[PDB]
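> Mind having a look at this structure? Questions to follow.
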Amino acid sequence: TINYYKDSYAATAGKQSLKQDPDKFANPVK
Amino acid sequence: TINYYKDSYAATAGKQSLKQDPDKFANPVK
Amino acid sequence: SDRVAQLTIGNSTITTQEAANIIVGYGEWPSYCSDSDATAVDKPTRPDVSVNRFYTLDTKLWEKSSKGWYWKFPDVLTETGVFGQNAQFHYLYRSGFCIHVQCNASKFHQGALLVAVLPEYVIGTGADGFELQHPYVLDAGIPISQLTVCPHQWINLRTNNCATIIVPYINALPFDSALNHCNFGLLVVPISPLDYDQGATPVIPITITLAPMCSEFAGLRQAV
Amino acid sequence: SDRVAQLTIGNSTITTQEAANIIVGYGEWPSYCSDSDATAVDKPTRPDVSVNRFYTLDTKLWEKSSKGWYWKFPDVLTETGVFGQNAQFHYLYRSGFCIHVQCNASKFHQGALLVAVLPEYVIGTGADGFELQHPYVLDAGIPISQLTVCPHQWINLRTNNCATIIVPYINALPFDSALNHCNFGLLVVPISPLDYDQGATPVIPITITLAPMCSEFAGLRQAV
Amino acid sequence: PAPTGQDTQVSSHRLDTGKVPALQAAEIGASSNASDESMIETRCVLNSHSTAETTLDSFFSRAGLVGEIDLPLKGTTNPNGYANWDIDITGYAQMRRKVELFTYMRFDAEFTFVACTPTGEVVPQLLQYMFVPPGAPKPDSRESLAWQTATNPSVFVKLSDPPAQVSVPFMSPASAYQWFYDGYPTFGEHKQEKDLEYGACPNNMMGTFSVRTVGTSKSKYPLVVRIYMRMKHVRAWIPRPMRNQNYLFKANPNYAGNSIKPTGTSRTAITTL
Amino acid sequence: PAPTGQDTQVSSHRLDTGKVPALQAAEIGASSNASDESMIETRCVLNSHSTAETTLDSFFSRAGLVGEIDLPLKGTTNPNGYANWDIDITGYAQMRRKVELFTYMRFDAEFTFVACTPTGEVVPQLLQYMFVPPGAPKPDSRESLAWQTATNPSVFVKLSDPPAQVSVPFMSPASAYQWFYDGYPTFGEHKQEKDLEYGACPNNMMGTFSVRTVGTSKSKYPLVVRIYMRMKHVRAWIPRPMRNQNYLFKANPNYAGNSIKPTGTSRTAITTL
Amino acid sequence: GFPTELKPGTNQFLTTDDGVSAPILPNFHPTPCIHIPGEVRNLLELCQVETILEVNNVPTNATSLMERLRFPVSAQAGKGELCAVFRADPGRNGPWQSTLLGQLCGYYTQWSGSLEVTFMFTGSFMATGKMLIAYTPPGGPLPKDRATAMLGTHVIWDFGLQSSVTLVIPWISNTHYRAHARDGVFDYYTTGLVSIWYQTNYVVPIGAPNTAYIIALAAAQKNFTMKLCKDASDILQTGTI
Ligand SMILES: CCCCCCCCCCCCC/C=C\[C@H](O)[C@H](N)CO
Ligand SMILES: CCCCCCCCCCCCC/C=C\[C@H](O)[C@H](N)CO
């Protein structure tokens, strides 16, 4: 993220973290 | 504070310091 | 081993000899509100055994030309039991839910049901439930073929006769009112129509049973 | 120091600036049923904050020719609040009680009251209380002069204006029904009649406030 | 972690009784688990395809039209050189269908305003965009006293300059925005009138947008303003089935009941393509 | 320190005589000290709400209108292409009510001047803003010799360019500005004429603002200039009750005596909402 | 001051740009975020959830719009009759348009990976039979009989206690990615065909129904990926809203 002001919500989107949890919706079986 | 000139009064507002003294006005009892 | 099942909570028990395992909604068991999530300043009440038990709501019949039914939560229980009394005597409410749907037939019947839970079911244009008018678009302009993305189970008359869903508290606020907001709605739609030949029993009732889990109340006032 | 007092429990608070200390009935604070005393097999419910709070019942007037009044416990609260709802939804009940009597007048009035608690008050021949017909014999064939052997306090208009009594659970059974048995009865009798000269305020109301402590319920069924 | 797609391992034929990957029981409610290397004979493939374009930020951080304001010279809408526009996203289908896939979202925003004449020509003119939070005094004319913007944020810009843009934080009292609200906002009796407030969530009403041409007398050009919105730092919860039928009203799932249409296309017979 | 709001600790019921948090004596003149955890039964809440938006800098560092200058072609105010404006803040209600909450302030400033035609159109024209400290020669015409700005600061700018802005220091002889001055500025006898100087503080008269269109002959467009002010590095002392009635005159607490109005709204009965 | 130069790219508003902008509210802190169950971190997480497929998309009228979710099965003369066919192209308009995978794929130009279609039998308990499901790779036309369809990859499905079988469509292609297929030139990316054939019969004793139905659910495998985001081809409005 690149920022030029004093507020964190004025920065760029940046690069997220590649994580997946496909079992939350596909395999919710106890 | 960010400044680009030789005078301190031309800078930005910046971030203050969070301090409170509520007892000055609410509890002035000796 | 996942063919017989017994679920007990409070002072009620449910048994079934043809089950289809248990679906936990979004892979999270219900829990209480943590000290960091809370916003109220008054200590809440947790009646525990007196409001966490199985309730039987009503019976609906399955016909060869039925459309489907849906219910709303927790609107059904506001006039039933100690859970109803506490709901109208308090302003803030939170709880989980365990829902059990029963429908049994013989070996010579056929048909299939779609049991699903859809949070925030806004309907476009009580405890007894309503009947859908346009089941293809779920009465809200969305196709039913994509309903499986929600926690769901099937009732195939040749395989099982029951469906179990456990749903935690789903909302953007730690507490909310039980008389003005319905967290989710339960849907039961017949995808494959019922069929049998003359001479078999033509009445195939469907009954709904459910039980709140880990309830909490706050904000005492007069009954409204 | 025992002249100002504040009592708080649940979400209610009571303040008084002219008190007469606090009487603990029989020198025992209320408590819960121990594991050795219990006889039931089902886990009881303890609503805690939702049923342990101060309730105001009704107001009675003090006249120069009054006889006295008495109430019954816990018969008064069976139609009031969450305590009432739980009482009719459960079969077994136990609890303690904290009772506060308020009656204030000016410095030019005079008179005295006798506040006392008498367990198992069988009457010989609701929430609003009754008026005694033969106060000398307590309407049961016993002299009132010996009533002080029971937990009691006085309301002397020149000294204080309130009386506080804390009473634990008194019975021969660990649990009992709240709709068929009255554990004790509260008595308020004017021993020294009220007196004032014309021109002073002639209305001297008396109001009763009380609060259950450490309640417990068991045996859930339909409301009766 | 899942930075790339899964590989494929070498497999051979299997003839044994008791283990059956193929047969399943979909009545349980869980998706399949049989893979390619368990039903056919496969080889070794080293997959290196990136999955970074399907993230929430990669899918929502694109600008879209959400608003339209007209300031005509002769007409009936805004003939006084000022306009008031309540902040809503549900005004246009492309963005609405995208954002309605989920139930709760939490995000910042970047707003860009493009202004020009109805014919597309650019003329020298000055304006003032004013953000009016709920409860603030809303202007009622071109020379209203509320235009002093003593506390409310405001922007002065010209048509000939590049379009102005600002960054916007998350201002909801709740923990996230919700596009569906199954309930009512008041403790009333809900006889008939309250039904017009069905689904009206107070947690989504963020304020009012005000625009005027800086001056005392009437201007000389008709003007149009277009508001574009872009999302960043996006989080989502609880996906729901996508929209099927046409839209009719803002903040309402109403649909045309007499004209109902299937999701896809149709053919003549099931045994023929 | 106070970076966040206070938490709430777990409390239980108390029945004891002698300690009474509830009863108080407001005749002393000090606010209460009883808390939530001392009058009702409370739980444990971990508060993490920030208090950084209520600071003096966070409340005063927002621009506001303070001035207005007209340079018409035909009229009676300034028909010669030059204007003189004494620096005052009390000209407009929104900013005045905000700044009058306190008695003494000490701050820097950032001034922004926006210029355009009365209709809002932007035309190519050149001007000159000149700051005239007290005691300096004030210009009297468009071609005055004092416009050489040999020592006084001055700014040359065009209408088509973005609005000009400058930074301003604290120039008072005193230790802070004061918006109220209970006294007179001269040792005179105060018979009647001096009463027009009641409250006139010489420590607040900072100078004069001068503007003209650079040229020898009359210009071709009417022009309007708007002055916006923003505060930074703000300190305040001795707060006072806020304003109630309407304003009548600059630097005067006068109010309309015949039309006096209550602070808030009114109802019919005290026992009914 | 510092001398600079302007490159020929100034003053343009680019929608997909990532840039910095001036905030409007100085020193603002948002409401804290509580834990809400069911968070999505990638559009691929919910691309692997089975949804109902509309193989029998014949009817169109309002009252029978629900009949598109299943296709019938009954007893025949045991000559290997045909049941139903369709094209296995997720992005192309057709039966796949009714699934969540089909709708999401419309937002992305190119895709790659293996698909998976699951069939469920919803007949009586005493009805038995076997079916053959075949997938013909590109190049071969629609099979004219079972003996011609059995050449491609196929699976034999047996009715019983386990009522569901899954046919996996392996990623067989010449290119690393495929664009969306359509009629005309863009048929170069066609994935193939799917057919369902009777194996022996649909046998049923006396006193039991003669007609049953099958429900098909489709999803994607663990190597499914998409790229090159675009806009959908359908706009759900007919004017001002
Ligand atoms: C220069 C001032 C302009 C800035 C104004 C924009 C700030 C507020 C934008 C709100 C962001 C979108 C969230 C709003 C709520 C929901 O989208 C809709 N009300 C849906 O009901
Ligand atoms: C380019 C030159 C323009 C700069 C002129 C502005 C500089 C002086 C501004 C004064 C700052 C405000 C303080 C002034 C005094 C009080 O506000 C009022 N007189 C109140 O009585």
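Chain labels A, B, ... are given in the sequence in which chains occur in the structure tokens; within each chain residues are numbered consecutively from 1, and ligands are likewise numbered from 1 in the order shown.
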Around ligand 1, out to 7 Å and counting only C-alpha atoms and all ligand atoms, which residues are there? I want them as a ChimeraX atom specification.

/E:87-90,109,111,129-131,153-155,166,168,177,179,204-207,209,251

> Show me which bits of chain A are within 8 Å of chain G, counting only C-alpha atoms, as a list in words.

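That gives residues 2, 3, 4, 5, 7, 9, 10, 11, 12, 13, 19, 20, 21, 22, 24, 25 and 26 of chain A for chain A.
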
> Between atom 14 (C, counted along the ligand's line) of ligand 2 and atom CA of residue 145 of chain F, what is the spacing in Å?

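Going from atom CA of residue 145 of chain F over to atom 14 (C, counted along the ligand's line) of ligand 2 covers 27.0 Å.
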
> Skip residue 207 of chain G itself and residues of its chain fewer than 5 positions away, then list as a ChimeraX atom specification all residues within 12 Å of it, counting only C-alpha atoms.

/C:107-109,195-200 /G:124,126-127

> For the residues in that selection, give me N, CA, C and O atoms as a PDB file, in the first residue's frame.


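out_32.pdb written:
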```
ATOM      1  N   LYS C 107     -42.281 -47.660   1.199  1.00  0.00           N
ATOM      2  CA  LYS C 107     -41.298 -47.954   0.166  1.00  0.00           C
ATOM      3  C   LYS C 107     -41.844 -47.786  -1.245  1.00  0.00           C
ATOM      4  O   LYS C 107     -41.056 -47.743  -2.194  1.00  0.00           O
ATOM      5  N   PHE C 108     -43.162 -47.687  -1.410  1.00  0.00           N
ATOM      6  CA  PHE C 108     -43.774 -47.571  -2.725  1.00  0.00           C
ATOM      7  C   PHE C 108     -44.132 -46.134  -3.080  1.00  0.00           C
ATOM      8  O   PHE C 108     -44.768 -45.903  -4.113  1.00  0.00           O
ATOM      9  N   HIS C 109     -43.750 -45.169  -2.251  1.00  0.00           N
ATOM     10  CA  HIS C 109     -43.908 -43.756  -2.560  1.00  0.00           C
ATOM     11  C   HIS C 109     -42.608 -43.204  -3.136  1.00  0.00           C
ATOM     12  O   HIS C 109     -41.545 -43.819  -3.036  1.00  0.00           O
ATOM     13  N   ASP C 195     -45.713 -39.227  -5.796  1.00  0.00           N
ATOM     14  CA  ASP C 195     -46.429 -40.116  -6.697  1.00  0.00           C
ATOM     15  C   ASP C 195     -46.653 -41.460  -6.022  1.00  0.00           C
ATOM     16  O   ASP C 195     -45.769 -41.976  -5.335  1.00  0.00           O
ATOM     17  N   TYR C 196     -47.842 -42.016  -6.229  1.00  0.00           N
ATOM     18  CA  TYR C 196     -48.192 -43.335  -5.726  1.00  0.00           C
ATOM     19  C   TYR C 196     -49.390 -43.834  -6.516  1.00  0.00           C
ATOM     20  O   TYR C 196     -50.105 -43.054  -7.150  1.00  0.00           O
ATOM     21  N   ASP C 197     -49.604 -45.143  -6.472  1.00  0.00           N
ATOM     22  CA  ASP C 197     -50.754 -45.738  -7.130  1.00  0.00           C
ATOM     23  C   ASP C 197     -51.908 -45.893  -6.150  1.00  0.00           C
ATOM     24  O   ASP C 197     -51.713 -45.961  -4.934  1.00  0.00           O
ATOM     25  N   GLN C 198     -53.120 -45.939  -6.700  1.00  0.00           N
ATOM     26  CA  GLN C 198     -54.326 -45.979  -5.883  1.00  0.00           C
ATOM     27  C   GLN C 198     -54.323 -47.205  -4.979  1.00  0.00           C
ATOM     28  O   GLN C 198     -53.957 -48.306  -5.403  1.00  0.00           O
ATOM     29  N   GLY C 199     -54.731 -47.011  -3.727  1.00  0.00           N
ATOM     30  CA  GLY C 199     -54.736 -48.053  -2.725  1.00  0.00           C
ATOM     31  C   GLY C 199     -53.746 -47.837  -1.602  1.00  0.00           C
ATOM     32  O   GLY C 199     -53.943 -48.384  -0.508  1.00  0.00           O
ATOM     33  N   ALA C 200     -52.692 -47.063  -1.835  1.00  0.00           N
ATOM     34  CA  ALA C 200     -51.749 -46.717  -0.788  1.00  0.00           C
ATOM     35  C   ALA C 200     -52.286 -45.550   0.036  1.00  0.00           C
ATOM     36  O   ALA C 200     -53.234 -44.867  -0.355  1.00  0.00           O
TER      37      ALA C 200
ATOM     38  N   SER G 124     -38.966 -44.769  -6.508  1.00  0.00           N
ATOM     39  CA  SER G 124     -39.366 -45.640  -5.414  1.00  0.00           C
ATOM     40  C   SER G 124     -38.220 -46.572  -5.035  1.00  0.00           C
ATOM     41  O   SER G 124     -37.228 -46.703  -5.751  1.00  0.00           O
ATOM     42  N   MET G 126     -38.227 -49.838  -4.752  1.00  0.00           N
ATOM     43  CA  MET G 126     -38.216 -51.135  -5.415  1.00  0.00           C
ATOM     44  C   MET G 126     -37.881 -51.051  -6.898  1.00  0.00           C
ATOM     45  O   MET G 126     -37.888 -52.085  -7.574  1.00  0.00           O
ATOM     46  N   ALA G 127     -37.586 -49.865  -7.419  1.00  0.00           N
ATOM     47  CA  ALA G 127     -37.244 -49.710  -8.825  1.00  0.00           C
ATOM     48  C   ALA G 127     -35.734 -49.734  -9.005  1.00  0.00           C
ATOM     49  O   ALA G 127     -35.005 -49.011  -8.321  1.00  0.00           O
TER      50      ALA G 127
END
```

> So which residues touch residue 119 of chain D within 8 Å, counting only C-alpha atoms, skipping near sequence neighbours fewer than 5 positions away, as number ranges by chain?

D: 170, 183-185

> Please give the complete set of residues from segment 42-127 of chain G that DSSP, run on the backbone, assigns to strand (DSSP E or B), formatted as a ChimeraX atom specification.

/G:51-52,71-74,82-87,108-112,115-121

> Should the cut-off be 7 Å, what would the residue list for chain C against chain E look like, counting only C-alpha atoms, as a list in words?

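Residues of chain C within 7 Å of chain E, counting only C-alpha atoms: residues 20, 21, 120, 121, 122, 124, 125, 140, 141, 142, 143, 146, 147, 149, 152, 153, 154, 155, 156, 172, 173, 180, 181 and 182 of chain C.
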
> For a test of reading the model, state the distance in Å between atom CA of residue 18 of chain D and atom CA of residue 22 of chain F, rounded to one decimal.

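We find that atom CA of residue 18 of chain D and atom CA of residue 22 of chain F lie 14.8 Å from each other.
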
> Residues of chain C within 6 Å of chain A, counting only C-alpha atoms, what are they? List them as a list in words.

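Result, ordered by chain then number: residues 22, 23, 24, 26 and 27 of chain C.
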
> Output as a list in words all residues of segment 20-144 of chain D that backbone DSSP marks as alpha helix (DSSP H).

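After running DSSP on the backbone, segment 20-144 of chain D has alpha helix (DSSP H) at residues 81, 82, 83, 84, 85, 86, 87, 88 and 89 of chain D.
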
> Name the closest residue to chain B among the candidates F:150, F:56, F:136, F:229; distances are taken between atoms, counting only C-alpha atoms.

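Once distances to chain B are computed over only C-alpha atoms, the minimum belongs to F:56.
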
> So that I can check the surroundings of segment 5-18 of chain E, please list as number ranges by chain every protein, DNA and RNA residue that reaches within 6 Å of it, counting only C-alpha atoms and ignoring chain neighbours fewer than 6 positions away.

E: 37, 41-47, 49; G: 223

> Produce a file of the selected residues containing N, CA, C and O atoms, as a PDB file, in the first residue's frame.


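Written output follows (selection.pdb):
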```pdb
ATOM      1  N   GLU E  37      -8.083 -38.159 -10.721  1.00  0.00           N
ATOM      2  CA  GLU E  37      -7.146 -39.264 -10.564  1.00  0.00           C
ATOM      3  C   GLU E  37      -7.789 -40.451  -9.860  1.00  0.00           C
ATOM      4  O   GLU E  37      -7.092 -41.386  -9.453  1.00  0.00           O
ATOM      5  N   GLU E  41      -7.786 -42.713 -15.919  1.00  0.00           N
ATOM      6  CA  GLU E  41      -6.338 -42.858 -15.860  1.00  0.00           C
ATOM      7  C   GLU E  41      -5.693 -41.534 -16.257  1.00  0.00           C
ATOM      8  O   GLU E  41      -5.836 -41.090 -17.401  1.00  0.00           O
ATOM      9  N   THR E  42      -4.984 -40.911 -15.321  1.00  0.00           N
ATOM     10  CA  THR E  42      -4.426 -39.577 -15.509  1.00  0.00           C
ATOM     11  C   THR E  42      -2.902 -39.607 -15.477  1.00  0.00           C
ATOM     12  O   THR E  42      -2.276 -40.589 -15.069  1.00  0.00           O
ATOM     13  N   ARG E  43      -2.315 -38.499 -15.913  1.00  0.00           N
ATOM     14  CA  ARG E  43      -0.877 -38.284 -15.949  1.00  0.00           C
ATOM     15  C   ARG E  43      -0.493 -37.226 -14.922  1.00  0.00           C
ATOM     16  O   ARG E  43      -1.323 -36.754 -14.143  1.00  0.00           O
ATOM     17  N   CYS E  44       0.781 -36.845 -14.929  1.00  0.00           N
ATOM     18  CA  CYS E  44       1.291 -35.831 -14.012  1.00  0.00           C
ATOM     19  C   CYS E  44       1.302 -34.474 -14.705  1.00  0.00           C
ATOM     20  O   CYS E  44       1.943 -34.309 -15.747  1.00  0.00           O
ATOM     21  N   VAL E  45       0.594 -33.508 -14.123  1.00  0.00           N
ATOM     22  CA  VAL E  45       0.512 -32.149 -14.645  1.00  0.00           C
ATOM     23  C   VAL E  45       0.870 -31.185 -13.526  1.00  0.00           C
ATOM     24  O   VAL E  45       0.315 -31.274 -12.425  1.00  0.00           O
ATOM     25  N   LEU E  46       1.792 -30.266 -13.806  1.00  0.00           N
ATOM     26  CA  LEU E  46       2.235 -29.269 -12.832  1.00  0.00           C
ATOM     27  C   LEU E  46       1.530 -27.955 -13.147  1.00  0.00           C
ATOM     28  O   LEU E  46       1.958 -27.203 -14.025  1.00  0.00           O
ATOM     29  N   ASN E  47       0.453 -27.678 -12.420  1.00  0.00           N
ATOM     30  CA  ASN E  47      -0.355 -26.490 -12.651  1.00  0.00           C
ATOM     31  C   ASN E  47       0.310 -25.279 -12.011  1.00  0.00           C
ATOM     32  O   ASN E  47       0.739 -25.338 -10.855  1.00  0.00           O
ATOM     33  N   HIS E  49      -1.210 -21.944 -12.667  1.00  0.00           N
ATOM     34  CA  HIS E  49      -2.147 -20.878 -12.995  1.00  0.00           C
ATOM     35  C   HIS E  49      -2.466 -20.072 -11.744  1.00  0.00           C
ATOM     36  O   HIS E  49      -2.826 -20.638 -10.708  1.00  0.00           O
TER      37      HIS E  49
ATOM     38  N   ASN G 223      -8.938 -27.500  -9.411  1.00  0.00           N
ATOM     39  CA  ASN G 223      -7.990 -26.811 -10.275  1.00  0.00           C
ATOM     40  C   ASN G 223      -8.666 -25.815 -11.208  1.00  0.00           C
ATOM     41  O   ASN G 223      -8.086 -25.453 -12.235  1.00  0.00           O
TER      42      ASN G 223
END
```

> Suppose you want the space between atom CA of residue 115 of chain G and atom CA of residue 218 of chain G; what is it in Å?

7.5 Å

> Pull out every residue of chain D that has at least one atom within 7 Å of chain C, counting only C-alpha atoms, and report them as a PyMOL selection string.

chain D and resi 45-50

> Go ahead and save the residues from that selection, with C-alpha atoms, as a PDB file, in the first residue's frame.


```pdb
ATOM      1  CA  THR D  45     -33.443 -22.937  36.098  1.00  0.00           C
ATOM      2  CA  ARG D  46     -32.110 -19.797  37.805  1.00  0.00           C
ATOM      3  CA  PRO D  47     -33.165 -16.695  35.835  1.00  0.00           C
ATOM      4  CA  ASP D  48     -31.047 -14.569  38.210  1.00  0.00           C
ATOM      5  CA  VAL D  49     -31.348 -10.913  37.083  1.00  0.00           C
ATOM      6  CA  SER D  50     -34.761 -11.218  35.430  1.00  0.00           C
TER       7      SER D  50
END
```

> Write out as a list in words each polymer residue whose atoms come within 12 Å of residue 92 of chain G, counting only C-alpha atoms; drop sequence neighbours fewer than 5 positions from it.

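So, after excluding close chain neighbours, the residues are residues 264 and 265 of chain E; 86, 87, 97, 98, 101, 102, 103, 105, 106, 109, 178, 179, 180, 181, 182, 183, 186, 187, 189, 190, 191 and 233 of chain G.
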
> Excluding segment 196-199 of chain G and residues on its chain fewer than 3 positions from it, collect all residues at most 7 Å away from it, counting only C-alpha atoms, and give them as a PyMOL selection string.

chain G and resi 80-85+130-134+146
